[PDB]
Structure formats: C-alpha cells, structure tokens
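Asker: This is the structure, below, for whatever I ask next.
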Amino acid sequence: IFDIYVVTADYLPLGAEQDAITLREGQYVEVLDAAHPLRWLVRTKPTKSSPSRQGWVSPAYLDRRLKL
C-alpha cells in the first residue's frame, strides 16, 4: 500500500531543523501522505521495541524501493 524509500545519499541535518527527522544512508521508511512536492510526510517502521517516529523528508534523495 505504502512506498518504502531508501537513503542512498545520506541525510544529516546541519544545525537545528524544525519538524525534521534524522536519517542514515541505508534506512527504510514508507510514505504516509503527500503534501508538497518539496517534502512528503513519512514515518519510519518500528522494530522489536523501537518507537516509530514521523518526520518530513526530501524525496529528492529517496528512491523507489519495494519490500519482499
């Protein structure tokens, strides 16, 4: 249903960004809703006991990826 994108160019916020979320080159996260072409709403998937976080990211560094 959703689309899990992967960071293949790294994403480290330089300074203090509001409504932003940190990401590591090689992470997976499906998109929730598409607001503006600049940045879409996404929420990482929780695993084991890690809480799920939601933050806006730039799709200019996210590539289409499908899960098994």
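Identifiers in the structure tokens: chain A, B, ... in order shown; residue index from 1 per chain; ligand index from 1 in order shown.
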Could you list, as a ChimeraX atom specification, every residue within 12 Å of range 48-52 of chain A, counting only C-alpha atoms and ignoring same-chain residues fewer than 4 positions away?

Answerer: /A:21,29-30,42-44

Asker: Write the residues you've just listed into a file as a short mmCIF file (atom, residue, chain, number, x, y, z; two decimals), in the first residue's frame, and include N, CA and C atoms for each of them.

Answerer:
data_model
loop_
_atom_site.label_atom_id
_atom_site.label_comp_id
_atom_site.auth_asym_id
_atom_site.auth_seq_id
_atom_site.Cartn_x
_atom_site.Cartn_y
_atom_site.Cartn_z
N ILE A 21 13.39 15.09 10.69
CA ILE A 21 13.82 13.85 11.31
C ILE A 21 15.17 13.40 10.75
N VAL A 29 11.79 3.52 5.07
CA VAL A 29 10.64 4.23 5.61
C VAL A 29 9.57 4.48 4.55
N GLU A 30 8.35 4.01 4.82
CA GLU A 30 7.23 4.19 3.91
C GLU A 30 6.64 5.59 4.03
N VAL A 42 6.40 11.22 5.94
CA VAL A 42 6.84 9.83 6.07
C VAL A 42 7.01 9.43 7.53
N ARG A 43 6.88 8.14 7.80
CA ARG A 43 7.03 7.62 9.16
C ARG A 43 7.75 6.28 9.16
N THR A 44 8.92 6.24 9.79
CA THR A 44 9.71 5.02 9.85
C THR A 44 8.93 3.89 10.52
#

Asker: Just the strand (DSSP E) stuff from chain A, please, per backbone DSSP, written as a PyMOL selection string.

Answerer: chain A and resi 4-7+28-36+39-44+54-57+62-65

Asker: Convert the current residue selection to file output with N, CA, C and O atoms, as a compact mmCIF listing (two decimals), in the first residue's frame.

Answerer:
# COMPACT_ATOMS: atom_id res chain seq x y z
N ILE A 4 8.05 2.38 0.65
CA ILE A 4 9.24 2.49 1.49
C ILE A 4 10.45 2.92 0.66
O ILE A 4 10.91 2.18 -0.21
N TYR A 5 10.96 4.11 0.93
CA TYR A 5 12.12 4.64 0.22
C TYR A 5 13.40 4.41 1.02
O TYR A 5 13.35 4.21 2.24
N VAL A 6 14.54 4.43 0.34
CA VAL A 6 15.83 4.21 0.99
C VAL A 6 16.79 5.37 0.73
O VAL A 6 16.83 5.91 -0.37
N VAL A 7 17.56 5.73 1.75
CA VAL A 7 18.53 6.81 1.63
C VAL A 7 19.85 6.30 1.08
O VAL A 7 20.59 5.59 1.76
N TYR A 28 15.05 2.40 5.90
CA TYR A 28 13.80 2.16 5.17
C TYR A 28 12.63 2.86 5.86
O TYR A 28 12.50 2.80 7.08
N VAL A 29 11.79 3.52 5.07
CA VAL A 29 10.64 4.23 5.61
C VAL A 29 9.57 4.48 4.55
O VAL A 29 9.83 5.09 3.51
N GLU A 30 8.35 4.01 4.82
CA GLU A 30 7.23 4.19 3.91
C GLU A 30 6.64 5.59 4.03
O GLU A 30 6.75 6.22 5.08
N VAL A 31 6.03 6.07 2.95
CA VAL A 31 5.43 7.40 2.94
C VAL A 31 3.97 7.33 3.39
O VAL A 31 3.21 6.45 2.97
N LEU A 32 3.57 8.27 4.25
CA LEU A 32 2.20 8.32 4.75
C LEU A 32 1.29 9.10 3.80
O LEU A 32 0.39 8.53 3.19
N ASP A 33 1.54 10.40 3.68
CA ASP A 33 0.75 11.25 2.80
C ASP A 33 1.63 12.23 2.04
O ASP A 33 2.70 12.62 2.52
N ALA A 34 1.18 12.63 0.86
CA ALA A 34 1.93 13.57 0.03
C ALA A 34 1.33 14.97 0.11
O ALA A 34 0.25 15.23 -0.42
N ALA A 35 2.03 15.88 0.79
CA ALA A 35 1.57 17.25 0.94
C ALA A 35 2.11 18.15 -0.16
O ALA A 35 1.40 18.48 -1.11
N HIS A 36 3.37 18.54 -0.03
CA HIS A 36 4.01 19.40 -1.02
C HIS A 36 5.13 18.66 -1.75
O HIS A 36 5.82 17.83 -1.15
N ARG A 39 8.58 18.39 0.12
CA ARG A 39 8.78 17.37 1.14
C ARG A 39 7.48 16.63 1.44
O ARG A 39 6.43 17.24 1.63
N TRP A 40 7.57 15.30 1.47
CA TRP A 40 6.40 14.46 1.74
C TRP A 40 6.42 13.92 3.16
O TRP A 40 7.48 13.81 3.78
N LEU A 41 5.24 13.59 3.68
CA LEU A 41 5.11 13.06 5.03
C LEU A 41 5.48 11.58 5.06
O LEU A 41 4.92 10.78 4.31
N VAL A 42 6.40 11.22 5.94
CA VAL A 42 6.84 9.83 6.07
C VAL A 42 7.01 9.43 7.53
O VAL A 42 7.26 10.28 8.39
N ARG A 43 6.88 8.14 7.80
CA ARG A 43 7.03 7.62 9.16
C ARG A 43 7.75 6.28 9.16
O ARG A 43 7.26 5.30 8.59
N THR A 44 8.92 6.24 9.79
CA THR A 44 9.71 5.02 9.85
C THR A 44 8.93 3.89 10.52
O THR A 44 8.02 4.13 11.31
N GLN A 54 7.91 10.03 13.21
CA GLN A 54 7.43 10.61 11.96
C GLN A 54 8.04 11.98 11.71
O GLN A 54 7.99 12.87 12.56
N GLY A 55 8.63 12.15 10.53
CA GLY A 55 9.25 13.41 10.17
C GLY A 55 9.24 13.66 8.67
O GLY A 55 9.25 12.71 7.89
N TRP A 56 9.23 14.92 8.28
CA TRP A 56 9.22 15.28 6.87
C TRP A 56 10.62 15.13 6.27
O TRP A 56 11.61 15.54 6.88
N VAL A 57 10.69 14.54 5.08
CA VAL A 57 11.97 14.34 4.41
C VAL A 57 11.92 14.80 2.96
O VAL A 57 10.84 15.04 2.41
N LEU A 62 15.39 10.23 -2.11
CA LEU A 62 14.74 8.94 -1.86
C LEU A 62 14.40 8.24 -3.17
O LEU A 62 13.82 8.84 -4.07
N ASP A 63 14.76 6.97 -3.26
CA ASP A 63 14.50 6.18 -4.46
C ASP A 63 13.41 5.14 -4.19
O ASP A 63 13.30 4.61 -3.08
N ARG A 64 12.60 4.86 -5.21
CA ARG A 64 11.52 3.89 -5.09
C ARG A 64 12.08 2.50 -4.79
O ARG A 64 12.95 2.00 -5.50
N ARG A 65 11.56 1.88 -3.73
CA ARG A 65 12.01 0.55 -3.33
C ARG A 65 10.83 -0.28 -2.82
O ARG A 65 9.99 0.21 -2.06

Asker: So, counting only C-alpha atoms, which residue among A:11, A:24, A:19, A:46 is closest to residue 59 in chain A?

Answerer: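 Result for the nearest residue to residue 59 in chain A: A:11.
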
Asker: Please measure the separation of CA of residue 12 in chain A and CA of residue 66 in chain A, giving the value in Å to one decimal.

Answerer: 23.9 Å

Asker: For CA of residue 13 in chain A and CA of residue 1 in chain A, quote the distance in Å rounded to one decimal.

Answerer: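 Separation of CA of residue 13 in chain A and CA of residue 1 in chain A: 28.7 Å.
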
Asker: Just to confirm, what's the straight-line distance from CA of residue 67 in chain A to CA of residue 3 in chain A in Å (one decimal)?

Answerer: 8.9 Å
